[PDB]
Amino acid sequence: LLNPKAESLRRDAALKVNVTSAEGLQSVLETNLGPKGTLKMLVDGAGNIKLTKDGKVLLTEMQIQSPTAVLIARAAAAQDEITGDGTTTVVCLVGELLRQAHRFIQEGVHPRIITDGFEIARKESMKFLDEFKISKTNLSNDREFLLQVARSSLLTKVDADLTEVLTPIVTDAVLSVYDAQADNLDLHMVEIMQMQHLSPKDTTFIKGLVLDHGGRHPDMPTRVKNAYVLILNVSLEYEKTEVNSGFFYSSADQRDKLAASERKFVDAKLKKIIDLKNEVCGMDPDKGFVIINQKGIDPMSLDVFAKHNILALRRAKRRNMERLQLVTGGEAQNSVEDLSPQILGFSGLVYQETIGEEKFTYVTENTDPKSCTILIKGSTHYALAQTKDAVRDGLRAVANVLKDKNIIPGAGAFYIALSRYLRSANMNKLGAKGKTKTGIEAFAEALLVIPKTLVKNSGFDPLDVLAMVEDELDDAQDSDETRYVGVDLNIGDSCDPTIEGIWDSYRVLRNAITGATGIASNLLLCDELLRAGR
Amino acid sequence: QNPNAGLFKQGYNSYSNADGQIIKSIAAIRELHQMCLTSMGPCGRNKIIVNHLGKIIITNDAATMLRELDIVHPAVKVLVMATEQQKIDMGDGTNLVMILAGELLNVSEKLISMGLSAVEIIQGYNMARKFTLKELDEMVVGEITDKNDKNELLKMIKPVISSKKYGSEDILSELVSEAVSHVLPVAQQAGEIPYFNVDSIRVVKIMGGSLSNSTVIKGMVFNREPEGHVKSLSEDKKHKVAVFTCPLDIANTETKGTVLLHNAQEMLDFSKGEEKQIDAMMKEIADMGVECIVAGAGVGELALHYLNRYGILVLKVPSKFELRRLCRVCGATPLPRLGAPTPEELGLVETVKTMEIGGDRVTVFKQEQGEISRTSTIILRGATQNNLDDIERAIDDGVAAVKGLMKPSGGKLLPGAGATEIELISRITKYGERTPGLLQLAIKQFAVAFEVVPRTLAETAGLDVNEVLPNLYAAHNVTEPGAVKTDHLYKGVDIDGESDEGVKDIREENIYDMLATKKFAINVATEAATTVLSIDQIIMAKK
Amino acid sequence: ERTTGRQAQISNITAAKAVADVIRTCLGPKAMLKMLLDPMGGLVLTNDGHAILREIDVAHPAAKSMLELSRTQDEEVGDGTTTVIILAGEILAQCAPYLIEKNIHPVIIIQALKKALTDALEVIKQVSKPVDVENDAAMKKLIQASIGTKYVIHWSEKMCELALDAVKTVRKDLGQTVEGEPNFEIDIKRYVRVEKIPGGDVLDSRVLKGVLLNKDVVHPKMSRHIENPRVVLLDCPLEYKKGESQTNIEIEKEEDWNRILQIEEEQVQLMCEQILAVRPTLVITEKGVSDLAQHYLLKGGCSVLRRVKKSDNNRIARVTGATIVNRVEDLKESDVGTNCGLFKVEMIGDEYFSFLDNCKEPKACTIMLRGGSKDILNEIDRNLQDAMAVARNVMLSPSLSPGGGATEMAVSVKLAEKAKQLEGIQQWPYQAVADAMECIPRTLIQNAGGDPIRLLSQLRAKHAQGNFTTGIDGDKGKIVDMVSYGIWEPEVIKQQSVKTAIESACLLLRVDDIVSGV
């Protein structure tokens with residue numbers, strides 16, 4: 001039953017290889033789970049050092065021939081397009097669920113009943129999911145509670161020293177861009193800037209928009225408070241004919257004749273701009289005037305802007321100009337002849353950070369900016385990649401907190417309670433099936449891998465911390481009140497996840513149970529590995 | 001680089017069930033199974049096995065071949081010991097037990113492919129065996145009256161002598177039935193004490209002549225020469241015969257009596273002493289009336305000289321096993337001493353002569369009426385030496401079937417040559433649908449295992465396998481307009497090689513299988529297959 | 001290279017068993033998922049039986065023959081592709097020791113398969129039960145077999161209405177012994193052709209009788225809606241006629257050049273006057289229409305419609321009665337726009353449409369499928385064709401057969417009873433057919449996880465004395481009757497399953513030799 005150049009695994013041998021290949025990828029992301037996990041370096045062919053704990057980014061930067069990790073890679077891709085986080089946790093749930101089920105395969109349990117026991121446990125998990133969840137109020141005074149949610153996302157992807165730095169940054173980034181109403185939130189409206197100069201501990205949040213190319217003159221003012229921003233589409237720089245040509249004067253009389261042809265369009269626009277400063281903000285103190293000027297600036301206007309102390313800008317990005325219309329409010333002016341003071345916008349303190357290689361400009365302190373900029377600083381390249389991964393994962397984690405009114409406590413509070421509930425639910429109810437309870441127990445025993453993994457990376461005994469939580473849950477079942485118990489990684493004993501402030505998104509955990517169920521089931525449903533097409 | 005695992009005990013050749021050990025044990029038996037498939041039946045073939053003594057021996061019977069073959073497989077030894085049950089306890093079925101037990105393992109592979117446990121396979125055959133044994137009592141049509149008549153013995157002996165050296169069954173039947181009728185004593189209304197014995201018939205063979213020249217004589221015939229001037233005795237009845245265990249020589253002393261040579265004067269007394277003493281000892285034997293001296297040991301030179309003057313026939317029997325059966329003939333008793341032929345230890349024989357058998361002069365020891373003897377001798381003649389070996393073995397298997405004619409259902413008979421094996425298939429399949437449960441798989445395969453007996457008879461006969469099989473099915477399965485099934489239940493596998501077409505009733509040739517052979521072979525075939533199917537693991541060493 | 005003797009018969013059975021080995025667990029609704037490793041690094045996890053076989057590359061030619069026979073079965077019916085290969089594969093496996101070890105001639109086995117095929121079709125007719133083809137509620141539980149386990153399960157009630165409306169229109173009884181009888185004479189291919197309509201809701205999907213066209217009015221100012229439009233079909237478009245070869249017009253006279261420009265306007269106008277001879281209210285052109293012909297037909301009070309496929313004009317002629325004519329000057333007066341309900345161009349999904357639908361059946365229909373996206377339309381499209389294929393399977397054969405391994409085992413019980421009365425050499429390979437008929441219900445047991453030995457012994461016992469109504473439930477796994485849960489399939493699927501399996505098993509037995517070279 002074979003042809004030349006064929007390799008096929010039949011009977012239960014393919015199930016043994018698929019689980020064994022899954023145990024390898026499991027241990028890779030096992031030590032990467034939680035804030036106490038490990039931070040691994042991945043360099044493929046580019047010499048580019050990158051350190052991140054995100055489960056999806058690992059699989060995209062590594063080529064894996066194992067077919068088991070291919071479907072897992074498709075699972076991590078579906079979680080990012082929906083949940084946006086928790087890719088490492090889902091992989092740890094799929095890996096251990098195959099190990100607990102593989103032990104029952106040798107017992108003779110058919111894999112269809114194993115998959116049927118998962119769907120029954122998944123429907124019962126959704127019932128406990130609605131009972132265990134906590135409804136959070138839509139009020140905007142929850143920023144204090146948002147600080148606890150922000151730390152839960154940050155502590156995982158960093159060394160925990162940067163969490164306190166990014167805690168006010170990430171929290172204020174979401175509330176500033178999100179107006180308070182039903183509405184929705186847009187993460188694209190929050191810009192991200194990257195700089196390799198300053199250390200990562202010095203990073204700060206930018207309320208407004210920042211731009212790259214500024215005007216360079218020695219007399220330009222460093223700080224300008226409450227300045228008016230004006231978008232300028234005309235060219236302030238000398239221009240030449242479409243064909244290469246130049247104006248060479250042999251006398252002072254020919255100098256004024258040849259140079260006037262180039263500055264004729266410049267002076268016509270330049271003299272009308274400085275007249276706007278005479279009509280508006282001429283006398284009035286505590287006001288300013290700023291020019292965007294997407295096009296360049298000639299050295300002649302630099303001396304004119306220096307006499308009036310006008311902040312000069314040239315070579316502006318077109319994408320940032322559309323955001324300046326929202327932040328500042330000024331309309332794009334194509335012709336200065338039609339320029340009016342109604343087109344002028346309003347901005348706050350504008351100060352330019354002076355660095356030899358690059359210069360920055362801050363449009364910040366605006367009345368209605370309706371935009372945000374997260375400035376990421378770091379000394380090395382991998383420090384910028386890790387911080388950028390934590391911000392993008394942090395913004396998307398908090399994004400699901402405002403959209404989804406339900407919140408779940410973390411630190412193993414959801415996993416330990418669900419594993420203990422499903423084990424005691426089928427015993428009291430006895431409404432599933434007689435034989436199926438074997439496969440249902442495999443799912444309940446696979447839910448305790450996460451709390452055992454969090455303490456494994458910290459070096460604590462997973463059997464000791466598990467017995468301490470069960471003793472607290474038994475004390476919680478005796479009392480008629482509601483008390484949630486969770487594992488504390490720092491101290492090593494149990495903790496109240498509501499007081500400690502460790503919280504997990506409801507949508508992330510809702511798709512984690514259903515997602516890990518279908519992916520791990522399809523791997524057990526494969527009897528034979530087919531090699532064909534060649 | 002490649003490690004080793006799975007063997008935790010010691011260095012050996014290890015077999016486990018994960019490697020298909022149950023198939024390997026059947027495949028090892030299948031190597032020797034095909035040899036017995038071509039053995040049973042009148043069209044069967046003979047195999048050559050060279051003995052360890054440098055002698056080529058060819059025989060049809062498998063029970064003899066299994067002893068001469070070197071078998072290192074212990075799973076085959078189970079069937080070899082089961083074959084000994086057919087050879088010892090019975091006189092027929094040695095070739096049939098290897099075919100049945102070998103096929104029960106072949107049909108069991110279909111149940112193994114379905115994943116059925118070996119216990120339910122054994123339990124299925126055990127329930128199917130009781131269904132077959134119950135029918136074997138109803139498969140008997142006629143019964144031998146045990147009249148022990150010469151014409152009645154030809155009916156039972158003919159099929160037993162068959163399936164070896166085909167074509168001679170008519171001549172060999174008259175030779176065996178004549179010798180058996182002589183051993184069987186004359187009695188009536190007594191069934192308690194057995195009579196016939198297997199060792200009571202001693203077969204001899206001498207090169208020369210043909211098979212038609214063979215005869216049957218009452219007595220024990222000796223091939224040795226008379227060794228002395230007296231070739232044969234007279235025709236007077238009741239000749240006195242003395243059996244001496246001690247060799248013929250000068251009389252010695254029970255206490256010490258060691259002969260030593262020292263001086264030449266003693267040497268002259270030793271030569272002259274043996275002349276006077278032997279002449280004195282042999283004279284006292286002739287004075288008491290002993291005309292024949294049977295010496296189990298050697299005979300001296302001076303003993304033959306003095307017995308020629310007294311007219312005493314000298315007879316030497318170097319085999320001590322033949323002297324024990326000789327006492328039941330003449331009535332003489334062996335004497336460990338010499339010189340005192342007590343008349344209480346002397347027997348009587350009517351006729352002792354010397355006849356030419358196959359061209360050589362041999363002394364015949366026989367009788368007529370008085371002094372009834374329980375031992376008979378079958379004299380054989382032929383040119384081929386190898387053919388005479390199988391004929392003697394055919395007679396031994398023929399007389400052993402006479403032992404099966406005793407009280408334990410020795411007269412009952414059933415049609416053979418493929419007649420019963422096909423009819424039992426329809427009865428077993430009838431009980432398959434009748435018995436509910438998982439046993440239906442093993443019961444149906446138990447009837448298919450009986451299809452090998454008619455198939456081998458067709459293969460050994462050169463017949464097409466696609467012909468005889470559907471012909472036997474339509475012959476034993478018919479629709480009779482009535483409650484009682486009628487017409488021909490006797491259709492077997494015909495020897496063919498002649499005549500016209502198809503099959504025919506086996507009653508035309510008066511051939512049948514004895515119930516004692518068939519019923520006992522089924523119990524041995526099931527227990528032989530039960531042992532193999534019950535063993536899922538073995539541990540051996542390099543031999 | 002070349003394989004002769006009995007070795008080719010071994011490879012033919014091995015190749016058929018190897019291909020069936022893959023789909024062993026691919027049979028039934030409980031079929032599990034397969035993983036195909038591509039040489040480029042791709043994987044296919046789909047559990048569909050016939051979707052995997054097209055991606056499997058095989059070497060031995062007998063394995064390629066099973067893929068070609070499954071391709072024919074895939075086009076005729078949507079399901080049951082793995083049923084034929086597994087059934088035909090087990091026939092060669094049970095007859096493997098008979099062909100070689102038993103020394104049976106292959107034609108004797110092939111002739112026995114022909115007698116076993118005829119006896120099997122008679123048993124299928126006996127185990128079948130009558131079904132009402134005019135019952136609307138009964139056809140919904142049948143067509144649902146091709147519906148459930150798909151996205152259309154929520155609309156299944158509306159999915160059956162769209163299927164029955166198309167089948168009842170194209171079916172012609174014509175029952176009689178004179179010219180021969182096609183049973184209900186359903187044609188899905190030509191008449192039932194569907195055009196997908198974007199936008200709207202799935203609940204609003206209706207079956208229109210007529211021809212639908214996406215092209216709108218081609219003129220800025222023209223009547224948008226015609227009460228009773230009269231269709232006129234034509235082939236050659238409306239424009240200045242030119243020769244099919246190279247044409248060179250050399251005129252040396254001054255004022256004749258202006259006359260040629262007038263003929264170009266008169267030639268297009270002459271083509272419009274020949275159309276207006278019957279005074280039509282609608283003009284439909286297969287190819288494009290020049291702007292000159294648009295103004296000439298505008299003064300005549302008739303709509304102009306260009307860009308129409310040729311396959312539509314064949315259906316437009318039957319839903320209208322306009323005769324298709326090649327040259328416009330040859331246009332016959334027999335063209336009629338009768339039996340046209342509405343011309344309404346009303347826009348659906350930000351695109352102007354054209355509706356020829358009417359209130360009568362012109363021996364055809366056009367199914368209008370609307371939904372919330374194009375992906376839903378393409379899903380309903382293929383599902384509706386498969387829903388009508390199962391509906392056609394029920395109409396052509398007015399009987400239903402029990403599923404879940406009930407029909408497969410019931411035939412094997414009857415084959416074992418007919419084997420005793422055969423009395424021939426073919427009896428041995430004929431009993432192997434019943435053993436292969438028992439592998440299909442054993443296949444569903446091995447996929448369910450139950451004990452095959454314990455269940456088949458109980459399953460076979462319930463057919464003899466239980467009126468062969470006892471099948472096996474897929475979801476539960478306990479042996480139950482098929483009358484309660486109502487699991488039934490049309491007979492034509494069971495007929496073509498055993499018919500192709502014997503043809504596939506005999507074809508591999510007919511080839512005893514394999515040679516190579518051109």
# chains A, B, ... in the order shown; residues from 1 in each chain; ligands from 1
>>> interface_residues(of="chain C", to="chain A", cutoff="6 Å", atoms="only C-alpha atoms", output="PyMOL selection string")
chain C and resi 14+18+32-38+56-57+449
>>> write_last_selection(atoms="N, CA, C and O atoms", output="short mmCIF file (atom, residue, chain, number, x, y, z; two decimals), in the first residue's frame")
data_model
loop_
_atom_site.label_atom_id
_atom_site.label_comp_id
_atom_site.auth_asym_id
_atom_site.auth_seq_id
_atom_site.Cartn_x
_atom_site.Cartn_y
_atom_site.Cartn_z
N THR C 14 -3.93 -3.49 -4.82
CA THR C 14 -3.20 -2.68 -3.85
C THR C 14 -3.40 -1.19 -4.11
O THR C 14 -3.57 -0.41 -3.16
N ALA C 18 -5.08 1.30 -1.57
CA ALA C 18 -4.31 2.42 -1.04
C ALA C 18 -5.07 3.73 -1.18
O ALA C 18 -5.04 4.57 -0.27
N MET C 32 -13.64 12.68 9.96
CA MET C 32 -12.66 13.54 10.60
C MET C 32 -11.79 14.22 9.55
O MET C 32 -11.95 14.03 8.34
N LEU C 33 -10.84 15.03 10.02
CA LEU C 33 -10.06 15.90 9.16
C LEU C 33 -8.75 15.24 8.75
O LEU C 33 -8.14 14.49 9.52
N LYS C 34 -8.33 15.51 7.52
CA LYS C 34 -7.08 15.01 6.97
C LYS C 34 -6.09 16.15 6.78
O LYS C 34 -6.47 17.30 6.55
N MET C 35 -4.80 15.82 6.88
CA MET C 35 -3.71 16.78 6.72
C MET C 35 -2.88 16.37 5.51
O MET C 35 -2.23 15.32 5.53
N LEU C 36 -2.89 17.20 4.48
CA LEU C 36 -2.14 16.95 3.25
C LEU C 36 -0.91 17.85 3.23
O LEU C 36 -1.03 19.07 3.28
N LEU C 37 0.27 17.23 3.14
CA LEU C 37 1.53 17.96 3.11
C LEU C 37 1.94 18.19 1.66
O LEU C 37 2.24 17.24 0.93
N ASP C 38 1.95 19.46 1.25
CA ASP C 38 2.34 19.81 -0.11
C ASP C 38 3.86 19.97 -0.20
O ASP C 38 4.51 20.32 0.79
N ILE C 56 -4.55 14.79 -4.53
CA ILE C 56 -3.68 13.65 -4.27
C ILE C 56 -3.03 13.23 -5.58
O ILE C 56 -3.72 12.93 -6.56
N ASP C 57 -1.70 13.20 -5.60
CA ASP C 57 -0.93 12.74 -6.75
C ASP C 57 -0.54 11.29 -6.54
O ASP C 57 0.09 10.96 -5.53
N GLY C 449 -16.43 5.21 16.95
CA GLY C 449 -15.68 4.79 18.11
C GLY C 449 -16.20 3.57 18.82
O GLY C 449 -15.55 3.10 19.77
#
>>> residues_around(residues="residue 294 in chain A", least_positions_apart="3", cutoff="8 Å", atoms="only C-alpha atoms", output="list in words")
residues 231, 232, 233, 313, 314, 315, 316, 317 and 318 of chain A
>>> write_last_selection(atoms="N, CA, C and O atoms", output="PDB file, in the first residue's frame")
ATOM      1  N   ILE A 231      -1.372  76.781   7.607  1.00  0.00           N
ATOM      2  CA  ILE A 231      -0.903  75.895   6.548  1.00  0.00           C
ATOM      3  C   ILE A 231      -0.677  76.720   5.287  1.00  0.00           C
ATOM      4  O   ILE A 231      -1.528  77.531   4.901  1.00  0.00           O
ATOM      5  N   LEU A 232       0.470  76.518   4.641  1.00  0.00           N
ATOM      6  CA  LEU A 232       0.880  77.344   3.511  1.00  0.00           C
ATOM      7  C   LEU A 232       1.312  76.438   2.368  1.00  0.00           C
ATOM      8  O   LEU A 232       2.285  75.690   2.501  1.00  0.00           O
ATOM      9  N   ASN A 233       0.589  76.501   1.249  1.00  0.00           N
ATOM     10  CA  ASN A 233       0.881  75.652   0.102  1.00  0.00           C
ATOM     11  C   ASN A 233       1.816  76.297  -0.915  1.00  0.00           C
ATOM     12  O   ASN A 233       2.319  75.594  -1.799  1.00  0.00           O
ATOM     13  N   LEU A 313       8.950  76.582   9.134  1.00  0.00           N
ATOM     14  CA  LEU A 313       8.901  75.153   8.864  1.00  0.00           C
ATOM     15  C   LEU A 313       8.945  74.931   7.360  1.00  0.00           C
ATOM     16  O   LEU A 313       8.376  75.703   6.585  1.00  0.00           O
ATOM     17  N   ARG A 314       9.632  73.865   6.952  1.00  0.00           N
ATOM     18  CA  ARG A 314       9.742  73.522   5.544  1.00  0.00           C
ATOM     19  C   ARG A 314       9.856  72.012   5.405  1.00  0.00           C
ATOM     20  O   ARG A 314      10.271  71.318   6.338  1.00  0.00           O
ATOM     21  N   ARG A 315       9.481  71.513   4.225  1.00  0.00           N
ATOM     22  CA  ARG A 315       9.484  70.085   3.908  1.00  0.00           C
ATOM     23  C   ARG A 315       8.648  69.302   4.927  1.00  0.00           C
ATOM     24  O   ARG A 315       9.144  68.476   5.695  1.00  0.00           O
ATOM     25  N   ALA A 316       7.350  69.592   4.903  1.00  0.00           N
ATOM     26  CA  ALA A 316       6.402  68.972   5.815  1.00  0.00           C
ATOM     27  C   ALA A 316       5.748  67.762   5.161  1.00  0.00           C
ATOM     28  O   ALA A 316       5.457  67.768   3.962  1.00  0.00           O
ATOM     29  N   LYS A 317       5.522  66.723   5.961  1.00  0.00           N
ATOM     30  CA  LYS A 317       4.887  65.514   5.457  1.00  0.00           C
ATOM     31  C   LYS A 317       3.414  65.769   5.163  1.00  0.00           C
ATOM     32  O   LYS A 317       2.709  66.408   5.949  1.00  0.00           O
ATOM     33  N   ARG A 318       2.951  65.262   4.018  1.00  0.00           N
ATOM     34  CA  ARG A 318       1.568  65.493   3.612  1.00  0.00           C
ATOM     35  C   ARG A 318       0.579  64.800   4.541  1.00  0.00           C
ATOM     36  O   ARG A 318      -0.506  65.336   4.798  1.00  0.00           O
TER      37      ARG A 318
END
>>> select_by_dssp(residues="range 209-340 of chain C", states="strand (DSSP E or B)", output="list in words")
residues 212, 213, 234, 238, 282, 283, 284, 289, 303, 304, 305 and 325 of chain C
>>> closest_atom_pairs(of="chain C", to="chain B", cutoff="9 Å", atoms="only C-alpha atoms", output="tab-separated table")
residue	atom	partner	partner_atom	distance
C:102	CA	B:465	CA	7.8
C:103	CA	B:465	CA	7.9
C:104	CA	B:466	CA	7.1
C:423	CA	B:474	CA	5.9
C:424	CA	B:470	CA	5.4
C:425	CA	B:470	CA	5.6
C:426	CA	B:470	CA	8.9
C:427	CA	B:470	CA	8.3
C:452	CA	B:114	CA	8.4
C:453	CA	B:116	CA	7.3
C:454	CA	B:438	CA	6.8
C:457	CA	B:438	CA	6.2
C:458	CA	B:437	CA	7.7
C:461	CA	B:436	CA	8.4
>>> atom_distance(atom1="CA of residue 89 in chain B", atom2="CA of residue 448 in chain B")
27.7 Å
>>> residues_around(residues="residue 278 in chain B", least_positions_apart="6", cutoff="7 Å", atoms="only C-alpha atoms", output="ChimeraX atom specification")
/B:249-250,303
>>> write_last_selection(atoms="N, CA, C and O atoms", output="mmCIF file, in the first residue's frame")
data_model
loop_
_atom_site.group_PDB
_atom_site.id
_atom_site.type_symbol
_atom_site.label_atom_id
_atom_site.label_comp_id
_atom_site.auth_asym_id
_atom_site.auth_seq_id
_atom_site.Cartn_x
_atom_site.Cartn_y
_atom_site.Cartn_z
ATOM 1 N N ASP B 249 27.027 -73.756 26.083
ATOM 2 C CA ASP B 249 28.449 -73.831 26.399
ATOM 3 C C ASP B 249 28.606 -74.866 27.511
ATOM 4 O O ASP B 249 27.633 -75.500 27.932
ATOM 5 N N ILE B 250 29.845 -75.042 27.976
ATOM 6 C CA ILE B 250 30.105 -75.951 29.085
ATOM 7 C C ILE B 250 29.372 -75.466 30.330
ATOM 8 O O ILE B 250 29.282 -74.260 30.596
ATOM 9 N N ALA B 303 28.723 -77.305 20.817
ATOM 10 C CA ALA B 303 27.309 -77.581 21.048
ATOM 11 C C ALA B 303 26.621 -78.048 19.771
ATOM 12 O O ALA B 303 25.759 -78.932 19.813
#
>>> closest_residue(among="C:249, C:518, C:211, C:328", to="residue 363 in chain C", atoms="only C-alpha atoms")
C:211
>>> residues_around(residues="residue 326 in chain B", least_positions_apart="5", cutoff="12 Å", atoms="only C-alpha atoms", output="PyMOL selection string")
chain B and resi 199-202+219-222+241-243+294+296+317+319-321+331-334+347-349+365-366+373-377
